[PDB]
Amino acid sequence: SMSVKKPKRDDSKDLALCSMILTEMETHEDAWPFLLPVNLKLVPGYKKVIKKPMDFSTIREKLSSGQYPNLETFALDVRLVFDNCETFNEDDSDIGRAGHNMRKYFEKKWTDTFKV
């Protein structure tokens, strides 16, 4: 509360660590469905069904331009990528399984990097 300061973690490396994690995602073999925005004019249903689209390139732009206030908002956009993928794709489709694989891949790096 007012004048009662909770000790806080050192966040000074967060930008560079989130960037490294995103680089790992971008280079993963199963990243291809998520590297660019879904083409809203060529993919039936996407625009109406998926209320907040997100992809790695948009995340990279937001990270490179100071649009994430904290690491929690960065992980929200990452998780949004895979939530959208689950909403729109069958678990066993190529894109659907890629999303599941990428989510697991992300969450381990997140715990390994920040749950010190």
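For every residue, the number given is its place in the sequence shown, counted from 1. Take the two forms, find the largest set of C-alpha atoms that superpose within 1.5 Å, and that set is the rigid core.
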Task: Between stretches 8-16 and 103-111, more displaced by Cα RMS in 9 other deposited structures of this protein (rigid core superposition) - done: 8-16
- [ ] Determine, for stretches 38-46 and 25-33, which one has the higher mean CA B-factor as deposited.
- [x] 38-46
Open item on the list: Test of understanding: from the entry's C-alpha B-factors, which stretch has the higher mean, 5-13 or 103-111?
Closed with: 5-13
Task: Cα B factor band for residue 73 (lowest, middle or highest third within the chain) - done: middle
Open item on the list: How does the C-alpha B factor of residue 55 compare with the rest of the chain: lowest, middle or highest third?
Closed with: lowest
